[PDB]
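Structure data follow from data10.cif (mmCIF, C-alpha atoms):
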```cif
data_work
#
loop_
_atom_site.label_atom_id
_atom_site.label_comp_id
_atom_site.auth_asym_id
_atom_site.auth_seq_id
_atom_site.Cartn_x
_atom_site.Cartn_y
_atom_site.Cartn_z
CA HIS E 1 41.53 86.66 110.73
CA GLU E 2 37.76 86.60 111.19
CA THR E 3 36.61 86.63 107.55
CA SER E 4 39.23 84.44 105.86
CA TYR E 5 42.64 82.88 106.40
CA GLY E 6 43.32 82.97 102.66
CA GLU E 7 42.42 80.62 99.86
CA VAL E 8 44.54 77.60 100.82
CA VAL E 9 43.49 77.50 104.48
CA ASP E 10 39.83 78.26 103.75
CA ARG E 11 39.83 75.46 101.13
CA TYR E 12 41.29 73.05 103.72
CA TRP E 13 38.43 73.72 106.15
CA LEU E 14 35.71 73.80 103.49
CA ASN E 15 36.94 70.52 102.07
CA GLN E 16 37.04 68.92 105.51
CA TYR E 17 33.50 70.15 106.12
CA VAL E 18 31.95 68.86 102.92
CA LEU E 19 33.73 65.51 103.11
CA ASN E 20 32.74 64.94 106.74
CA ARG E 21 29.15 66.13 106.36
CA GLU E 22 28.22 64.49 103.06
CA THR E 23 30.07 61.17 103.43
CA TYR E 24 28.06 58.28 104.81
CA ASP E 25 30.28 55.44 105.96
CA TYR E 26 29.51 53.34 109.03
CA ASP E 27 33.26 52.79 109.45
CA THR E 28 33.93 56.52 109.95
CA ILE E 29 30.55 57.95 110.93
CA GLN E 30 31.44 58.77 114.56
CA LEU E 31 34.34 60.92 113.34
CA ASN E 32 32.44 62.37 110.38
CA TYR E 33 29.41 63.32 112.52
CA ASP E 34 31.47 64.78 115.35
CA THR E 35 33.67 66.77 112.98
CA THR E 36 30.64 68.19 111.20
CA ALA E 37 29.08 69.20 114.53
CA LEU E 38 32.29 70.80 115.79
CA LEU E 39 32.66 72.92 112.67
CA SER E 40 29.04 74.15 112.62
CA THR E 41 27.39 77.00 114.48
CA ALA E 42 24.60 75.99 116.83
CA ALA E 43 21.96 76.79 114.21
CA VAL E 44 23.73 74.75 111.53
CA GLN E 45 24.22 71.91 114.05
CA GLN E 46 20.46 71.75 114.53
CA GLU E 47 19.93 71.51 110.75
CA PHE E 48 22.58 68.77 110.41
CA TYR E 49 21.35 66.76 113.41
CA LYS E 50 17.92 66.36 111.82
CA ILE E 51 19.49 64.18 109.10
CA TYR E 52 20.17 61.69 111.96
CA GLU E 53 16.85 62.01 113.79
CA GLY E 54 13.46 60.40 113.36
CA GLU E 55 12.15 57.41 111.42
CA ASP E 56 14.12 58.37 108.29
CA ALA E 57 17.38 59.00 110.25
CA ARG E 58 20.17 58.28 107.77
CA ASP E 59 22.08 55.96 110.14
CA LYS E 60 18.90 53.99 110.90
CA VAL E 61 18.03 53.64 107.21
CA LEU E 62 21.49 52.91 105.75
CA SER E 63 23.04 51.23 108.81
CA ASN E 64 26.24 49.52 107.67
CA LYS E 65 24.53 48.38 104.47
CA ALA E 66 25.47 51.32 102.25
CA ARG E 67 28.10 53.98 101.83
CA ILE E 68 27.71 57.40 100.22
CA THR E 69 31.06 58.29 98.73
CA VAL E 70 31.96 61.92 98.07
CA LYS E 71 34.37 63.42 95.51
CA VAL E 72 35.06 67.15 95.77
CA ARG E 73 35.76 68.61 92.31
CA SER E 74 36.31 72.31 93.09
CA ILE E 75 36.07 74.83 95.92
CA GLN E 76 35.57 78.52 95.16
CA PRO E 77 35.69 80.92 98.10
CA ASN E 78 34.73 84.51 97.27
CA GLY E 79 37.11 85.88 99.95
CA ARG E 80 34.16 87.42 101.80
CA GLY E 81 32.97 84.41 103.83
CA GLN E 82 31.05 82.46 101.19
CA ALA E 83 32.09 79.55 99.02
CA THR E 84 30.69 77.13 96.55
CA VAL E 85 31.86 73.54 96.48
CA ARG E 86 31.23 71.29 93.46
CA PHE E 87 31.05 67.64 94.51
CA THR E 88 29.63 64.31 93.51
CA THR E 89 27.99 61.70 95.68
CA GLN E 90 27.36 58.08 94.82
CA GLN E 91 25.71 55.42 96.93
CA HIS E 92 27.23 51.95 97.05
CA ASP E 93 25.06 49.36 98.74
CA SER E 94 26.89 46.55 100.50
CA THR E 95 25.07 44.14 98.18
CA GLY E 96 26.93 45.67 95.21
CA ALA E 97 24.06 47.80 93.85
CA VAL E 98 25.39 51.22 92.81
CA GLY E 99 23.32 54.38 92.57
CA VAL E 100 23.48 57.13 90.00
CA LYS E 101 26.22 59.68 90.56
CA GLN E 102 24.71 62.94 91.91
CA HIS E 103 26.37 66.22 90.84
CA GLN E 104 25.85 68.70 93.64
CA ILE E 105 26.88 72.22 94.70
CA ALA E 106 27.22 73.25 98.34
CA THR E 107 26.73 76.96 99.03
CA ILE E 108 28.50 77.69 102.28
CA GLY E 109 28.74 80.66 104.60
CA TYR E 110 31.64 80.52 107.04
CA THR E 111 33.68 82.54 109.51
CA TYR E 112 36.48 82.08 112.03
CA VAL E 113 35.53 82.90 115.62
CA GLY E 114 38.92 82.29 117.31
CA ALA E 115 40.40 79.53 119.40
CA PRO E 116 37.73 77.51 121.21
CA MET E 117 37.35 77.68 125.00
CA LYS E 118 37.74 73.93 125.61
CA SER E 119 41.18 72.43 125.05
CA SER E 120 39.58 69.40 123.42
CA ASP E 121 37.71 71.50 120.84
CA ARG E 122 40.72 73.76 120.32
CA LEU E 123 42.87 70.74 119.37
CA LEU E 124 40.49 69.90 116.50
CA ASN E 125 39.39 73.41 115.49
CA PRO E 126 42.35 75.72 116.24
CA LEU E 127 41.05 78.82 114.41
CA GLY E 128 37.40 78.47 115.33
CA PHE E 129 36.25 77.72 111.81
CA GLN E 130 32.45 77.79 111.82
CA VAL E 131 29.99 77.09 109.03
CA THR E 132 27.23 79.68 109.50
CA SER E 133 25.02 78.50 106.62
CA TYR E 134 25.00 75.38 104.48
CA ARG E 135 22.81 74.14 101.68
CA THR E 136 23.25 71.69 98.80
CA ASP E 137 21.57 71.80 95.39
CA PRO E 138 21.86 69.97 92.07
CA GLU E 139 24.57 71.35 89.81
CA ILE E 140 23.55 72.97 86.54
CA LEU E 141 25.00 70.98 83.60
CA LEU E 142 24.65 72.60 80.17
CA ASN E 143 25.41 69.80 77.69
CA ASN E 144 26.69 70.33 74.17
CA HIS G 1 56.02 80.66 108.93
CA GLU G 2 58.65 77.95 108.46
CA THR G 3 59.48 77.15 112.09
CA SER G 4 56.07 77.44 113.78
CA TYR G 5 52.55 78.75 113.24
CA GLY G 6 52.14 79.28 116.98
CA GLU G 7 51.10 76.97 119.77
CA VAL G 8 47.47 76.33 118.80
CA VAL G 9 48.15 75.54 115.13
CA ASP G 10 51.27 73.49 115.86
CA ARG G 11 49.28 71.49 118.46
CA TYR G 12 46.55 70.83 115.87
CA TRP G 13 49.06 69.29 113.44
CA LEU G 14 51.03 67.42 116.09
CA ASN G 15 47.83 65.96 117.49
CA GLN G 16 46.64 64.91 114.05
CA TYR G 17 50.02 63.29 113.43
CA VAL G 18 50.19 61.26 116.63
CA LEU G 19 46.56 60.15 116.42
CA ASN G 20 46.87 59.07 112.79
CA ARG G 21 50.25 57.37 113.17
CA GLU G 22 49.74 55.53 116.45
CA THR G 23 46.08 54.50 116.07
CA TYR G 24 45.46 51.04 114.68
CA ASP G 25 41.89 50.60 113.52
CA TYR G 26 40.95 48.60 110.43
CA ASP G 27 37.91 50.86 110.01
CA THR G 28 40.08 53.97 109.54
CA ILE G 29 43.48 52.59 108.55
CA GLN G 30 43.44 53.83 104.93
CA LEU G 31 42.91 57.39 106.17
CA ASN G 32 45.27 57.06 109.14
CA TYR G 33 48.09 55.60 107.00
CA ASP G 34 47.67 58.10 104.17
CA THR G 35 47.52 61.05 106.55
CA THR G 36 50.66 59.91 108.34
CA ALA G 37 52.48 59.53 105.01
CA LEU G 38 51.35 62.94 103.77
CA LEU G 39 52.58 64.69 106.90
CA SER G 40 56.01 62.99 106.95
CA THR G 41 59.19 63.85 105.10
CA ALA G 42 60.46 61.17 102.74
CA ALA G 43 62.89 59.85 105.35
CA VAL G 44 60.18 59.66 108.03
CA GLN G 45 57.84 58.01 105.50
CA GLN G 46 60.38 55.23 105.00
CA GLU G 47 60.58 54.67 108.78
CA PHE G 48 56.77 54.61 109.11
CA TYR G 49 56.22 52.33 106.10
CA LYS G 50 58.36 49.62 107.68
CA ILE G 51 55.70 49.17 110.40
CA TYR G 52 53.47 47.91 107.52
CA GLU G 53 56.04 45.79 105.69
CA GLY G 54 57.30 42.26 106.11
CA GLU G 55 56.11 39.21 108.03
CA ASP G 56 55.38 41.27 111.16
CA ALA G 57 53.53 44.02 109.22
CA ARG G 58 51.05 45.47 111.70
CA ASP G 59 48.07 45.20 109.32
CA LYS G 60 48.91 41.56 108.54
CA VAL G 61 49.27 40.68 112.23
CA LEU G 62 46.31 42.60 113.69
CA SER G 63 44.03 42.53 110.63
CA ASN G 64 40.56 43.57 111.77
CA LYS G 65 40.95 41.55 114.96
CA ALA G 66 42.37 44.28 117.20
CA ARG G 67 42.39 48.02 117.63
CA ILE G 68 45.08 50.15 119.26
CA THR G 69 43.33 53.14 120.76
CA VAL G 70 45.27 56.34 121.44
CA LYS G 71 44.61 59.09 124.01
CA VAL G 72 46.77 62.22 123.77
CA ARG G 73 47.30 63.72 127.24
CA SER G 74 49.53 66.74 126.48
CA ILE G 75 51.49 68.36 123.67
CA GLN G 76 54.45 70.61 124.44
CA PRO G 77 56.07 72.40 121.52
CA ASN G 78 59.28 74.26 122.36
CA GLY G 79 58.57 76.93 119.69
CA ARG G 80 61.75 75.94 117.84
CA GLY G 81 60.47 72.98 115.80
CA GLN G 82 60.45 70.23 118.42
CA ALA G 83 57.64 68.90 120.58
CA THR G 84 56.91 66.18 123.04
CA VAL G 85 53.55 64.48 123.09
CA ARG G 86 52.40 62.42 126.10
CA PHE G 87 49.95 59.72 125.03
CA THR G 88 48.59 56.36 126.01
CA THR G 89 47.91 53.37 123.82
CA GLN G 90 45.79 50.36 124.66
CA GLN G 91 45.08 47.32 122.53
CA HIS G 92 41.55 45.94 122.40
CA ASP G 93 41.26 42.58 120.69
CA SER G 94 37.98 41.90 118.92
CA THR G 95 37.56 38.90 121.23
CA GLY G 96 37.32 41.28 124.21
CA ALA G 97 40.85 40.75 125.58
CA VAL G 98 42.34 44.10 126.63
CA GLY G 99 46.02 44.87 126.89
CA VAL G 100 47.86 46.91 129.47
CA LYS G 101 47.72 50.66 128.93
CA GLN G 102 51.10 51.90 127.59
CA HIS G 103 52.24 55.39 128.68
CA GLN G 104 54.37 56.79 125.89
CA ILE G 105 56.14 60.01 124.85
CA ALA G 106 56.64 61.00 121.22
CA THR G 107 59.60 63.27 120.55
CA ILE G 108 58.87 65.06 117.30
CA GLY G 109 60.81 67.34 115.00
CA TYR G 110 58.67 69.30 112.56
CA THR G 111 58.66 72.18 110.11
CA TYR G 112 56.36 73.86 107.59
CA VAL G 113 57.61 73.78 104.01
CA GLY G 114 54.80 75.76 102.32
CA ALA G 115 51.80 74.86 100.22
CA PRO G 116 52.26 71.55 98.39
CA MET G 117 52.66 71.43 94.60
CA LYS G 118 49.73 69.06 93.97
CA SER G 119 46.24 70.42 94.54
CA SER G 120 45.22 67.14 96.14
CA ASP G 121 48.03 67.29 98.73
CA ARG G 122 47.49 71.02 99.27
CA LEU G 123 43.84 70.39 100.21
CA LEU G 124 44.92 68.11 103.07
CA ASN G 125 48.18 69.81 104.09
CA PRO G 126 47.72 73.53 103.37
CA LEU G 127 50.83 74.79 105.20
CA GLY G 128 53.16 71.97 104.28
CA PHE G 129 53.43 70.61 107.79
CA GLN G 130 56.17 67.97 107.78
CA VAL G 131 57.41 65.73 110.55
CA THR G 132 61.19 65.61 110.09
CA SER G 133 61.91 63.20 112.96
CA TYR G 134 59.72 60.97 115.09
CA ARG G 135 60.38 58.52 117.88
CA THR G 136 58.34 57.09 120.75
CA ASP G 137 59.59 55.96 124.14
CA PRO G 138 58.09 54.86 127.46
CA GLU G 139 57.14 57.73 129.73
CA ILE G 140 59.00 58.15 133.01
CA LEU G 141 56.56 57.75 135.94
CA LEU G 142 57.95 58.63 139.38
CA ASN G 143 55.43 57.17 141.84
CA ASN G 144 54.89 58.43 145.37
#
```
Would you mind giving the structure from this file in structure tokens?
Amino acid sequence: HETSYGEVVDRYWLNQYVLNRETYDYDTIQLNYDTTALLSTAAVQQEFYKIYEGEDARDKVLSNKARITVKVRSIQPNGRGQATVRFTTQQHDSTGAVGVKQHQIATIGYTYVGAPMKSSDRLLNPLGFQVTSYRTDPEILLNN
Amino acid sequence: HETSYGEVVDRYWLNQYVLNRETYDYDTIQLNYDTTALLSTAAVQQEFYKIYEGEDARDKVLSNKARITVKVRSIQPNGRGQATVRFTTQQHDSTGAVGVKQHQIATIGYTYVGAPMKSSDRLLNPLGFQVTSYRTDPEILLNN
């Protein structure tokens, strides 16, 4: 139960993680941010929080004047606690300007630590899913 | 695996159901509505959809001019496929008018039907959680 809960359950949590972390939408940002934090180890929390700190904090810069919309294309767990997630992001400014679609890959380390101590956390993270490492990179696209 | 996945997992799904079904928030209604539909049997879907149909359709009436905020207080599964959920609702109009807090009980029948056929559904409902019956009633409050 620590390493994996099988492909379907691991994909559920990985999907929830990528969607909540990579989406930028003022309408849902409280939920997206809190979900991402809940599902991250302390070290990954600190990495994520920096996106929302400082002069370039994403919420300060985008405000309610742009959305970053995320489409997950595939999720491949290796069954050993790592996964890759292929996803696209695209920024839509409230003015109607649309950015170029970005093809990305998240490389994710994860584990399940057991039911959280606090009832409130346990209600939203029953198995103690925790992302232990997270990075994103451009996808390789070999055109023919 | 059909009747229950244990208290912690059943509470996760029951909580998600009540929050998504009973919350009214224009900012999250697409997600709330779709989640509720996904997690309901066809018969329960038809009951839920009626809230959003006709002249008194809740989205038509409240628009983006009010929110109904939900606080779940307790969730008691019986381990046999039924649960009660104690929750409060309170309407906040965008003007600042606030309604009286409503103390409610949801009586819920549920089951798990297995991984959905469609990949898209399976990513959001990995175990095939399905609400098979759902009603809400005022909570009994015996004051002393």
Problem - Of the listed residues E:106, E:100, E:83, E:115, that which approaches residue E:11 most closely, counting all atoms listed in the file - result: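 Of the candidates, the smallest distance to residue E:11 is held by E:83.
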Exercise for the section: Go through the shown structure with the PyMOL selection byres ((chain E) within 10 of (chain G)) and write out the matching residues as JSON, numbers by chain. Expected result: {"E": [7, 8, 9, 10, 11, 12, 13, 14, 15, 16, 25, 26, 27, 28, 31, 75, 115, 119, 122, 123, 124, 125, 126, 127]}
Could you turn the residues from that selection into a file that holds C-alpha atoms, as a CSV table (one decimal), in the coordinates of the input?
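Saved result, result28.csv, follows:
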```
chain,number,residue,atom,x,y,z
E,7,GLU,CA,42.4,80.6,99.9
E,8,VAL,CA,44.5,77.6,100.8
E,9,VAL,CA,43.5,77.5,104.5
E,10,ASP,CA,39.8,78.3,103.8
E,11,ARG,CA,39.8,75.5,101.1
E,12,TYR,CA,41.3,73.0,103.7
E,13,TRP,CA,38.4,73.7,106.2
E,14,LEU,CA,35.7,73.8,103.5
E,15,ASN,CA,36.9,70.5,102.1
E,16,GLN,CA,37.0,68.9,105.5
E,25,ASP,CA,30.3,55.4,106.0
E,26,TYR,CA,29.5,53.3,109.0
E,27,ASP,CA,33.3,52.8,109.4
E,28,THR,CA,33.9,56.5,110.0
E,31,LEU,CA,34.3,60.9,113.3
E,75,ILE,CA,36.1,74.8,95.9
E,115,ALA,CA,40.4,79.5,119.4
E,119,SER,CA,41.2,72.4,125.0
E,122,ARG,CA,40.7,73.8,120.3
E,123,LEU,CA,42.9,70.7,119.4
E,124,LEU,CA,40.5,69.9,116.5
E,125,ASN,CA,39.4,73.4,115.5
E,126,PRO,CA,42.4,75.7,116.2
E,127,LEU,CA,41.0,78.8,114.4
```
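Taking only C-alpha atoms, the non-local environment of residue G:3 within 10 Å (same-chain residues fewer than 2 positions away omitted) comprises residues 1, 5, 6, 10, 79, 80, 81, 82, 110, 111, 112, 113 and 129 of chain G.
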Six-sided padding of 6 Å per side, axis-aligned box over stretch 96-101 of chain G, centre and edges in Å, one decimal, as AutoDock Vina command-line options:
```
--center_x 42.6 --center_y 45.7 --center_z 126.8 --size_x 22.5 --size_y 21.9 --size_z 17.3
```
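Shortest atom-to-atom contact with residue E:140 among E:102, E:23, E:35, E:120: E:102, counting all atoms listed in the file.
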Practice task
Tell me, as number ranges by chain, which residues lie within 7 Å of residue G:68, counting all atoms listed in the file; anything in the same chain fewer than 6 positions away does not count.
Solution key: G: 23-25, 89-92
Exercise for the section: Can you pull out every residue within 7 Å of residue G:134, counting all atoms listed in the file, but drop anything in the same chain fewer than 6 positions away, and send it as an NGL selection string? Expected result: :G and (106-109)
Practice task
Grab the atom CA of residue E:88 to atom CA of residue E:76 distance for me, in Å with one decimal place.
Solution key: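 For atom CA of residue E:88 relative to atom CA of residue E:76, the distance reads 15.5 Å.
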Exercise for the section: Run through the PyMOL selection byres ((chain G and resi 47) around 12) on the given coordinates and return the selected residues as a PyMOL selection string. Expected result: chain G and resi 21+36-37+40-46+48-53+131-135
Exercise for the section: Go ahead and compute the interatomic distance for atom CA of residue G:63 and atom CA of residue G:94, in Å to one decimal. Expected result: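 Result for atom CA of residue G:63 versus atom CA of residue G:94: 10.3 Å, one decimal.
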Exercise for the section: Up to 8 Å from (22.2, 66.1, 91.6) in the file's coordinates: name the residues, counting only C-alpha atoms, as a list in words. Expected result: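 Collected hits near the coordinates: residues 88, 101, 102, 103, 104, 137, 138 and 139 of chain E.
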Problem - Interatomic distance, atom CA of residue G:98 to atom CA of residue G:72 (Å, one decimal) - result: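 Distance reported for this atom pair: 18.9 Å.
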Give me stretch 74-107 of chain G with N, CA and C atoms filled in, as a CSV table (one decimal), keeping the file's coordinate frame.
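Once everything was written out, this is selection29.csv:
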```csv
chain,number,residue,atom,x,y,z
G,74,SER,N,48.9,65.4,126.5
G,74,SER,CA,49.5,66.7,126.5
G,74,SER,C,50.4,66.8,125.3
G,75,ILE,N,50.6,68.1,124.8
G,75,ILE,CA,51.5,68.4,123.7
G,75,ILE,C,52.3,69.6,124.0
G,76,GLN,N,53.6,69.5,124.0
G,76,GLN,CA,54.4,70.6,124.4
G,76,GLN,C,55.4,71.0,123.3
G,77,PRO,N,55.1,71.9,122.5
G,77,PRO,CA,56.1,72.4,121.5
G,77,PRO,C,57.0,73.3,122.2
G,78,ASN,N,58.3,73.3,121.8
G,78,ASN,CA,59.3,74.3,122.4
G,78,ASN,C,59.4,75.6,121.6
G,79,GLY,N,58.6,75.7,120.5
G,79,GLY,CA,58.6,76.9,119.7
G,79,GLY,C,59.7,77.0,118.7
G,80,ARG,N,60.6,76.0,118.7
G,80,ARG,CA,61.8,75.9,117.8
G,80,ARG,C,61.7,74.8,116.8
G,81,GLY,N,60.6,74.1,116.7
G,81,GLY,CA,60.5,73.0,115.8
G,81,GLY,C,60.6,71.6,116.4
G,82,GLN,N,60.6,71.5,117.8
G,82,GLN,CA,60.4,70.2,118.4
G,82,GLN,C,59.3,70.2,119.3
G,83,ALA,N,58.8,69.0,119.7
G,83,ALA,CA,57.6,68.9,120.6
G,83,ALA,C,57.7,67.6,121.2
G,84,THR,N,57.2,67.5,122.4
G,84,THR,CA,56.9,66.2,123.0
G,84,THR,C,55.4,66.0,123.2
G,85,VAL,N,55.0,64.8,123.0
G,85,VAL,CA,53.6,64.5,123.1
G,85,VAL,C,53.4,63.3,124.0
G,86,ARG,N,52.7,63.5,125.1
G,86,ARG,CA,52.4,62.4,126.1
G,86,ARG,C,51.1,61.8,125.7
G,87,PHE,N,51.1,60.5,125.5
G,87,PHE,CA,50.0,59.7,125.0
G,87,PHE,C,49.9,58.3,125.6
G,88,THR,N,48.7,57.8,125.6
G,88,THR,CA,48.6,56.4,126.0
G,88,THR,C,48.1,55.5,124.8
G,89,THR,N,48.5,54.3,124.8
G,89,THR,CA,47.9,53.4,123.8
G,89,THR,C,47.4,52.2,124.6
G,90,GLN,N,46.3,51.6,124.1
G,90,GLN,CA,45.8,50.4,124.7
G,90,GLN,C,45.2,49.5,123.6
G,91,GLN,N,45.6,48.2,123.5
G,91,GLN,CA,45.1,47.3,122.5
G,91,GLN,C,43.8,46.6,123.0
G,92,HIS,N,42.8,46.6,122.2
G,92,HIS,CA,41.6,45.9,122.4
G,92,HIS,C,41.4,44.9,121.3
G,93,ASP,N,41.5,43.6,121.7
G,93,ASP,CA,41.3,42.6,120.7
G,93,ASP,C,39.8,42.5,120.5
G,94,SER,N,39.4,42.1,119.3
G,94,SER,CA,38.0,41.9,118.9
G,94,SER,C,37.3,40.8,119.8
G,95,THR,N,38.1,39.9,120.3
G,95,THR,CA,37.6,38.9,121.2
G,95,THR,C,37.1,39.5,122.6
G,96,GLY,N,37.6,40.7,122.9
G,96,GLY,CA,37.3,41.3,124.2
G,96,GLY,C,38.5,41.3,125.1
G,97,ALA,N,39.6,40.6,124.8
G,97,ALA,CA,40.8,40.8,125.6
G,97,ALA,C,41.4,42.2,125.5
G,98,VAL,N,41.8,42.7,126.6
G,98,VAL,CA,42.3,44.1,126.6
G,98,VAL,C,43.8,44.1,127.2
G,99,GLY,N,44.6,44.8,126.5
G,99,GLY,CA,46.0,44.9,126.9
G,99,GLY,C,46.2,45.9,128.0
G,100,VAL,N,47.5,45.9,128.5
G,100,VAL,CA,47.9,46.9,129.5
G,100,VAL,C,48.0,48.3,128.8
G,101,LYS,N,47.5,49.3,129.4
G,101,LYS,CA,47.7,50.7,128.9
G,101,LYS,C,49.2,51.0,128.9
G,102,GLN,N,49.7,51.5,127.8
G,102,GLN,CA,51.1,51.9,127.6
G,102,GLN,C,51.2,53.4,127.7
G,103,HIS,N,52.0,53.9,128.6
G,103,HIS,CA,52.2,55.4,128.7
G,103,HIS,C,53.5,55.7,127.9
G,104,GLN,N,53.3,56.5,126.9
G,104,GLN,CA,54.4,56.8,125.9
G,104,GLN,C,54.6,58.3,125.7
G,105,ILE,N,55.8,58.6,125.2
G,105,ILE,CA,56.1,60.0,124.8
G,105,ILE,C,56.7,60.0,123.4
G,106,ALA,N,56.1,60.8,122.5
G,106,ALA,CA,56.6,61.0,121.2
G,106,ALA,C,57.5,62.2,121.3
G,107,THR,N,58.7,62.1,120.7
G,107,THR,CA,59.6,63.3,120.6
G,107,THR,C,59.6,63.6,119.1
```
